[PDB]
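One structure is given below, encoded as structure tokens.
For neighbour counting, all protein chains shown are included, and Cβ atoms are generated from backbone atoms with ideal geometry for every residue, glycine included. Where a number appears in this text, it was derived from the coordinates with a stated rule and is not lab data.
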Amino acid sequence: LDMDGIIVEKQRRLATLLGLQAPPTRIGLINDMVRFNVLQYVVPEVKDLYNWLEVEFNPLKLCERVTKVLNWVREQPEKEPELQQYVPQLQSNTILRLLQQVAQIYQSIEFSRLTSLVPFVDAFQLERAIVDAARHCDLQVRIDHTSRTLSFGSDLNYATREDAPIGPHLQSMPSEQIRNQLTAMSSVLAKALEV
Amino acid sequence: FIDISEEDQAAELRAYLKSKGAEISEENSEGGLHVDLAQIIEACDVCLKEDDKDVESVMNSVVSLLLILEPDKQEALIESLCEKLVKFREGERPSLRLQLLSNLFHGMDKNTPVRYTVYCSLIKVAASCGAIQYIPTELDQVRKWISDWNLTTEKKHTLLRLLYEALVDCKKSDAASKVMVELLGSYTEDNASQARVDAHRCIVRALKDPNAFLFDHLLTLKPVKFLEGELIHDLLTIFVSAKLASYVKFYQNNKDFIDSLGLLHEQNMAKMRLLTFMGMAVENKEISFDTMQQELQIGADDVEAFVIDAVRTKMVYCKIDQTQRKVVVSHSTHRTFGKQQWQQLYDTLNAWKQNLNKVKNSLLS
Amino acid sequence: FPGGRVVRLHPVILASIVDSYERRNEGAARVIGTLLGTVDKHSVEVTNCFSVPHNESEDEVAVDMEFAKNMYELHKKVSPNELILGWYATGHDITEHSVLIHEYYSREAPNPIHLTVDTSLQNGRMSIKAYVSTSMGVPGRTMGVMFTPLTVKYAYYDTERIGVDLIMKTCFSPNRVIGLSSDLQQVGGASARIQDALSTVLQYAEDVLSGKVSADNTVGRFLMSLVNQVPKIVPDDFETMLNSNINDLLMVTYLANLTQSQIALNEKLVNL
């Protein structure tokens, strides 16, 4: 409403205090730091799990991959009871990430079974967090279906809300779409390589 | 090491830079100037004897290599002299010497002994130090001039079927085996019983990996039309079975090597592959859930997941809905006559559209 | 590891070659300079260079290095690209002067990485050839350096390289950049001529006997790749989506030429 460019420019003033030169980006950080020995330096309690969070993807077998080892670290007393504040954001991320996964993987599954297909710690705030993924547009699904037949749609919207906003939170699944100059493109790609 | 940019005439020059070298050669080298001016005896002395205990002698081995093209029998002493490359068992300083005279420069490949001989040198030297960057060296020459010498092109058939096991990987296996298959397809090795080795391994390799999709890179240009079908080994087994789609049409055909490999995961996947591909192809790019269910004769949940396993492999690719548009355009598997008829009527669809649509834009251009 | 495999320069240095060699300021034959380039220590990413006036003859050796050090300060001060890599020289290739100016380069003492300029009307010999050398031991004569050839890669920012791609069409016969839209639809049609002339012959070759060999599932896969993303299958629902697109561009275009009117309309009743 009033001057959007303030705090996003102030993120530099925070970054310079941190010792950063530019403001923070995403998992690219952890992947130029698995350049170092971290994904082996981390304990085989949670060495193996990040290999499922990022690289080894499945819309069926990751709600029953992340959450087992969520509980495996929930071990409060001797496993530092400060690492337990990350469970409701791992929830939040798992929802909007694995929903992008399912939404690009297939284009129609009724939440009549998606509710149990994601057997986490939620039910009605689960629905409303799927609605939260829809409203702020990690993906696009037709939000408040009563019969609960929520199809995703094709294509209509690679405008503002495909990557959410620009960064890719999809591992190399996502299905295809068409737009404007896309003709020149692959047509004239696939053209000049065979010659 | 000591310099090469004295008067050249590199004879007494190489003797005096070798001054530092090991006892076994430097009890002979400078004294060799009285044997001859010494560019064969003195130029073979380093080829026989080994170094100090170190390969850092690569810097004076540059002299040793650059002193072969001019004075020596270069083809005989390029098979040799790159044999200290095996006799030390190091893979970085050798890797300098291998590229410095890889070929085409400061030696200048003939008539192609310097490709093969320095290639086998690289082979015995390093696992993957240079062996990553020695595909461009070979394919630089595949793109301009197929190896004139079939005797050295058969020695190339050896170094490419060597690469398969040299670096253990699915793509190194593919590249080395299939580019040997490519030049075999063009102009090499016929040679009836020596074609059987490529037929044998093209079974094992495209049976091992999905790097022919099923038979496709064994059906591309001429990799089964020379690699004969109803052969000693029967290449047509998987050819026909690539459209039969039944474990019984695998079981019935396979001999006691494919039995012991063994084909266990490949059947399930490749069945689900070519069935959905042909389902896509007919009924009709936007196929029925119930059709694919009662073609594969299994349930719902495996099928759902395996539709996206089918598009991740990308024999078919686009958006997929629940019970409609299961698998989609692009028939990325082999299409023999179906492509010939549709490619004819697509270049007809172009002659229609694009020649009409250019003067439509030239109307406003 | 071998430091010299592939030198990654782009047509900035190609423009640094010709201009420096087409004025010269009495640069008889041989122009030389210090090569500016970054190092990943496997692929040598290069950008700019800068040049000097020389009397390159026998046995007079001349590369103004201190001047090349001072304009290294200029080139880096203008763009934070690289640091000095070697000497880049005109024809001819490796001789005694090239190594006597490598002495002038070991005066500052980095790892040498070179680039020859071909003054010839050959087609077999590549226009530009980069060079490194090993051994490179040399506490001996002047510089007995063992030259390795370096194949070049033309890899930097791609809208430059498509800007290059129209400089290639200047190179054919300019070809001014005036009718962007109108003329990039002419070359879009020119692409479609390449398709039909290509697709027809690779069909009719296998109508005769044994065509579609290098065109079975190469162009066969890339016929599929044409139709992957133009056109879309035959979906008339998406044609309606577009026909509403035909409505909204008309609007974008109408708003466009009305704000053209709103220039003189509002802005020039100043003009009475």
(request) Look at segment C:54-108 and say how many of its residues are within 14 Å of chain B (Cβ to nearest Cβ), outside any loop (DSSP other than H, G, I, E, B), under 26 Å from C:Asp40 (Cα atoms) and of a type in the set (A, V, I, L, M). (result) 2
(request) Could you grab me the full set of residues in segment B:86-113 that are in contact with a helix residue (DSSP H, G or I) (Cβ under 6 Å, 6 or more places away or on another chain) and away from chain C (no Cβ under 14 Å)? (result) B:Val86, B:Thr112, B:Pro113
(message) Looking at B:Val316, B:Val311, can you tell me which residue is within 12 Å of chain A (Cβ to nearest Cβ), in contact with a helix residue (DSSP H, G or I) (Cβ under 8 Å, 6 or more places away or on another chain) and crowded, with 16+ Cβ neighbours inside 10 Å?
(response) B:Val316
(message) So for segment B:206-213 (the condition being over 26 Å from B:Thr152 (Cα atoms), within 14 Å of chain C (Cβ to nearest Cβ), more than 15 Å from the chain's Cα centre (by Cα) and not β-branched (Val, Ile, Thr)), does at least one residue qualify?
(response) yes
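Please go through segment C:228-239 and give me each residue that is more than 7 Å from every other protein chain (Cβ to nearest Cβ) and surrounded by 11 or more Cβ atoms within 10 Å (Cβ to Cβ), ordered by number.
C:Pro231, C:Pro235, C:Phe238, C:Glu239
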(message) Checking the condition over 28 Å from A:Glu110 (Cα atoms), within 34 Å of the chain's Cα centre (by Cα) and of a type in the set (D, E, K, R), which residue from B:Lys314, B:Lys339 passes?
(response) B:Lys339
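Kindly provide the set of residues from segment C:163-203 that are charged (D, E, K, R) and more than 11 Å from chain B (Cβ to nearest Cβ), ordered by number.
Within segment C:163-203, the first condition is being charged (D, E, K, R), and the residues that meet it are C:165, C:169, C:176, C:183, C:193, C:196.
Of everything in segment C:163-203, those that are charged (D, E, K, R) and more than 11 Å from chain B (Cβ to nearest Cβ) turn out to be C:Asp165, C:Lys169, C:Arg176.
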(request) Evaluate the following for B:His265: is it surrounded by fewer than 12 Cβ atoms within 10 Å (Cβ to Cβ) and within 27 Å of the chain's Cα centre (by Cα)? (result) yes
(message) Restricting to segment C:1-45, and then to whatever is within 14 Å of chain B (Cβ to nearest Cβ) and farther than 16 Å from C:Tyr156 by Cα, can you tell me which residue is surrounded by the most Cβ atoms within 10 Å (Cβ to Cβ)?
(response) C:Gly4
(message) I'm trying to understand the selection: among the residues of segment C:137-151, which are part of a loop (DSSP other than H, G, I, E, B), surrounded by 18 or more Cβ atoms within 10 Å (Cβ to Cβ) and more than 7 Å from chain B (Cβ to nearest Cβ)?
(response) C:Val145
(request) Find all pairs meeting these conditions: Cβ atoms under 6 angstrom apart; at least six residues apart or on different chains; first residue within segment C:204-216 and facing chain B (nearest Cβ under 9 Å); second residue outside any loop (DSSP other than H, G, I, E, B) and of a type in the set (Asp, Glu). (result) C:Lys212/C:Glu206
(request) Can you work out which of the residues in segment B:20-48 that are over 43 Å from the mean Cα position of the chain (by Cα) and either small (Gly, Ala, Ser) or within 14 Å of another protein chain (Cβ to nearest Cβ) (or both) is surrounded by the fewest Cβ atoms within 10 Å (Cβ to Cβ)? (result) B:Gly31
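May I ask you to list the residues in segment B:319-356 that are among the aliphatic types (A, V, I, L, M), at the interface with another protein chain (Cβ under 7 Å from one of its Cβ atoms) and under 30 Å from B:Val240 (Cα atoms)?
Across segment B:319-356, the qualifying residues are B:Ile320, B:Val329.
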(request) Specify the residue that is surrounded by the fewest Cβ atoms within 10 Å (Cβ to Cβ); the eligible residues are those in segment B:288-308 that are among the acidic types (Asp, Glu) and within 11 Å of another protein chain (Cβ to nearest Cβ). (result) B:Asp301
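Residue under question is B:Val359, and the condition is that it be within 32 Å of the chain's Cα centre (by Cα) and within 14 Å of chain C (Cβ to nearest Cβ); does it hold? Give the steps one after another, and end with the answer.
Details: within 32 Å of the chain's Cα centre (by Cα): no; within 14 Å of chain C (Cβ to nearest Cβ): yes.
So B:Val359 fails the test.
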(request) Scan (1) more than 16 Å from the chain's Cα centre (by Cα); (2) surrounded by 15 or more Cβ atoms within 10 Å (Cβ to Cβ) for the single condition B:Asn111 breaks and write down its number. (result) (2)
(message) So the check is Cβ under 9 Å with 6+ separation or different chains; which pairs have a first residue in segment A:148-160 that's within 13 Å of chain B (Cβ to nearest Cβ) and a second one that's part of a strand (DSSP E or B)?
(response) A:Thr149/A:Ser108; A:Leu150/A:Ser108; A:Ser151/A:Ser108; A:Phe152/A:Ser108
(request) Taking A:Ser175 as the residue in question, decide whether it is in contact with a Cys (Cβ under 8 Å, 6 or more places away or on another chain) and within 14 Å of another protein chain (Cβ to nearest Cβ). (result) yes
(message) Which of the numbered conditions does A:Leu98 fail, given that it passes all the others? Conditions: (1) touching a helix residue (DSSP H, G or I) at 6+ places or on another chain (Cβ under 8 Å); (2) surrounded by 17 or more Cβ atoms within 10 Å (Cβ to Cβ).
(response) (1)
(request) Return only the number of the condition from (1) in a helix (DSSP H, G or I); (2) more than 16 Å from B:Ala212 (Cβ to Cβ); (3) aliphatic (A, V, I, L, M) that B:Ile287 does not satisfy. (result) (1)
